[PDB]
Structure formats: C-alpha cells, structure tokens
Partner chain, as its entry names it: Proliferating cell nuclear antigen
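First, one chain by itself in structure tokens, the form solved without the partner chain.
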C-alpha cells in the first residue's frame, strides 16, 4: 500500500524541513502555499511531479513521458499539475531556441526544408544557430517559424521554475543537516536529491538523539536566498574546473569575487561572524571564502602565481571564515613563493607564521616543517640564520618497509585480476595472517563509532542537532566536538585504554545490537562481515591502541580522518595483527600517512609499508 521510493524520500525531505518553525520563517506566505498545493495533489499528481523534479529542467514531448507505475494515461495527471501551477504546457512555450531544442534533428531538417531561406543540411546546432539568426533580423517571419515548430513538436510539458525554486530551497535546508553537507553536493539540474538519498531516504532509520536548537543560521528569507545563490555559484565554478574549463571558471570566480565585495558591510554578516564555527560554515561569507579558495586553485592552473599569492594572502589575513583551510592555504602560499615566485625571504616568513598558527595541523603542519629544513639546510639559502629560529624538531619516526611482486596486467594486477591491495592481502595470507580487511580509514572510523556511539549522540550540546534526519552532531568535525564533551570523552577514552579484550568485545556488541543499520556517518555496517569479525579485531588491537585512535578521531576528525593505512591484517590463533599501507609502483607516502603510521607505532602496533613491484 506504500508510495514508490522516490515519493517517500521527497516526502521525508519536506516533513523534516516543515517541522521547524525557525526554518519556515525563511519562506513567505506565497511560497508556503506552494507546499500546501503540493500536499493537496493526488498520489498520482505527487508521483509525477517528483519524477519530473528529478529530471532535467526543460521541455519534454508528451510522447516521451511514460510512467506506468503512475498512470497508463498521464493526461488527467498532467492536467492536475498544470492546474495547480506546478507544470506548464506547450501554450506557455514561447521562446524560439527552446522550441528548436525540443525538436529532433530529423524534425529540424523538415523545418529547414519548408522554409526556403534555409540550407537543409548541417548539424542540429548549425540549423539552430541559423533559424535564430533568421528570426533576429526578420522578426515577423520568426514568429511563423515558432508557430510551426511548436505545432511540429506537438504537446509538451515543462516543470514551472517558480514552485520548483521553492523545493530547491527546502532541499537545501534539509541538506545543511544531512545530504549536501556530508561533503558538498554536485547538485546538477538546479537542485535535485542525490541519487543515494532519492533511493534510500524513505527507508533510512536514523540514530536517536534530542533535537535542541537555540540559534538562527539565516537572518531572514533574504539571507537564505543570498546563501543559496553563493552555493549555486560555487557549484558552477567547481563544475567548470571539473571539466577543464578554466577560463570560464576564472570569469565566474571574478564575478563571484565582486558580488562578495558588494555584500560587505551588510548587516547580516554581523550575526554570521558571531555564530559558532560549526554553524558559521552555513553563511554567505563561508561559501564566498570557499569560492575564493577555488579561485587560487584556478589562478594557479592558469600559472598566474602572483595573483594566486595575493588571494592566498587575503584569505590568510582574516580568521572569520574557513579556519580549517589555513593549513592548506599556508602550505600553498609557501609552495608558490618558494617554487614559482622564487622568493626565499618571504617563503621563510610564510613558513614561520604558518607554523605559528594553531589552526594548521597534521599533514600541512608537517609539509611546512619539511619545507623549512629543506630550505635552512640549503646552499643558495645559507646566507641567513633566520630559520634556526626555535623550530620544534618535529621529526616523524621511520617505519618498517617491505616489498613483494605481482604480475601487472587504477592499476590491475593478475594473480584472477585484482588490485594492489588485494595482491598484498594475498601475501599476508601466505605470511600467516588468515584475516584481513581493505578499509583504509573506515575500519578505524567504524570502530570509533561503535565504541563512542552514545557519547557521539549525547544530549546537552545546544545547536548540534537541528532536525530529525542527521547522521552526526553538527560539530563532529570541529575542535568543539571534543571540547564540548570533555568530561565524558576523557572518561571513555580512559576506560578503553584500561579495558580487557572482553570488555571491548561486549561494548562493540552492545552498540552493534542496538544500532545495526542506523545511519551514522562514522559507521559502515557492511565494513565488517559480521559482529564476530568486529569482535575479533578489537581483541587483537586492544585497549591502548583503540583508545589512542579514538582520541585522535574525536580530537580532530577533520585533520585526522585521512591517512590511515589501506589494510588491517591479523592471525586468528596468535591474535597478532599488522596495520599495512599498500603502495603500488608509483606512489609514496603522503604527509598524513606518515604521521598516522608513526602514531600507530607509538601506540605499540605493527605497522608496515608494503610496496608492490610489477612484472
């Protein structure tokens, strides 16, 4: 008796966002009516709207619409939607380019024929450039082309962009808490649900926690609209870059740079600046800064390094937005000054201020440190003593390396075809470790989530849980996660350190039994093949190791989540384990990886780098 998957999900999105009065303040009466109009539709009207909401925004020939699960004849349904203001008809189709677009290339030929002034052959794009040229000069003949084009195209529908824009903004608000937020969304088509959410949201069961909110994110409807707009801008700039369209990207960035300067002094920014970091990420400012970051990337790719440096300096000169990015910025400033602008004095000042910055961390911190020693210990630099300046000797302990071979066929090897990691897994099986998981950071991260679940979903921290569909407290990736739960963390971390390998087995099984399936960002239910396999692994790893790992992930998940080895292997009977990073022929350790290995060693654990050489 249920709705189809896509309608359930879409329904869960609206429900979630509607139950917040905070959030509905950011919609006017007109806009809210659109939501009611939607609920007012029939099950069929609702189904059809969502289908088309999920598809690209443009005209669709009536003969290209078919959803048998909806209705064998869609016209009463289209009618309902056109009545309610959601859909529109070939009647409202008025722009020429649009009608030309909706026509098949054959149909564009026929229309090229029954119009004498046209050269009947050429690509679909060609004919269109032509027909549009024609109508721009001799306008009245253009109206005739339009008329016949339309009649040729037949009956058509298109989603109405006004009601659609409302749902985008509803989807956006749903997604600061869930969707887009868990690594920002591509959001093509104008703002649909992600495939994953569309398919699963309706079925997802979330962890239980208590919604408690005390602070507004957006000033008013206008604020939310400015944000939305920055979001769309950023997404486009990203997409440009993803497609190697750097000149386009540049222009957009520049344009976005101006807008953000036009918004300076605006009263809303006063309140934004005053939000806690875990909220401040949801402000126009944050998003523009994020844009300004892509801008340096863009400049750098166009080898415009002087400019890149200027932007980097701007970025670094403020502490309001994206403090987590400073490590990357500093590192990047340094690299540019050193390698491209070849300017060794500032390179040193840069490195020093960088290292003096409590915001730079793990990977980038190390990368800046290494740059300092490479420099201070160099001839063409020796003409100074400004890098002897009390640099903490932050060395990283070396780790046992090893090598194996595998016949080479993402590099695929033949053993059956397999990855570099699978090849190592094989080696470690013949080396006596009957068990193994290739899970990089998710193995540790799901252990951490299993062991600290109840702390992670703890009550008592205002603003971290704003609605029903979160898979994590909003501060999880903030310095504040730890600090806002200091007593409880220190407790549990300690209890883990001291725990016997049966305490661990039991704790894990507690969470597993009460939460299995519940959606939480740290935990992958399928990561371990069973609860027993999770139990075996915590027995081998033991209290002191697990405790150290959890401390890192809870102190600074943001800068620690990356770098954990590819592999965890263990011998069933000896209980001896090994944490292994697999490196194929052409890759070395990243800074994050070396920091993690040293740290795992310190916690007393067998860590190995395993290089595969190919035949």
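Positions refer to the first chain, counted from 1.
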Missing residues of the deposited chain between residue 409 and residue 410 number 4 to 9
According to the PDB record, deposited residues with no modelled atoms between residue 143 and residue 144 number none
Mean Cα B-factor comparison, 367 to 375 or 284 to 292, giving the higher one as deposited: 367 to 375
Of 499 to 507 and 131 to 139, the stretch with the higher mean C-alpha B-factor in the deposited entry is 131 to 139
Between 417, 198, 469, 464, which one tops the list for Cα B-factor in this entry? 417
Just the C-alpha B-factor column, please: which of 31, 566, 556, 587 has the biggest number? 587
In terms of the CA temperature factor given in the entry, to which third of its chain does residue 300 belong: lowest, middle or highest? middle
Would the CA B-factor of residue 55 place it in the lowest, middle or highest third of its chain? lowest
Split the chain's modelled residues into thirds by Cα B-factor; is residue 125 in the lowest, middle or highest one? highest
Quick check on the deposited entry: does the C-alpha B-factor of residue 265 sit in the lowest, middle or highest third of its chain? highest
B-factor third for the C-alpha atom of residue 86 within its chain: middle
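This next part talks about the form solved in complex with the partner chain, which is not shown.
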Name the stretch, out of 513 to 521, 137 to 145, 368 to 376, 420 to 428, where some heavy atom lies within 4.5 Å of the partner chain in the entry with it bound. 137 to 145
Quick check on this chain: which one of 117, 242, 196, 506 has a heavy atom within 4.5 Å of the partner chain in the entry with it bound? 117
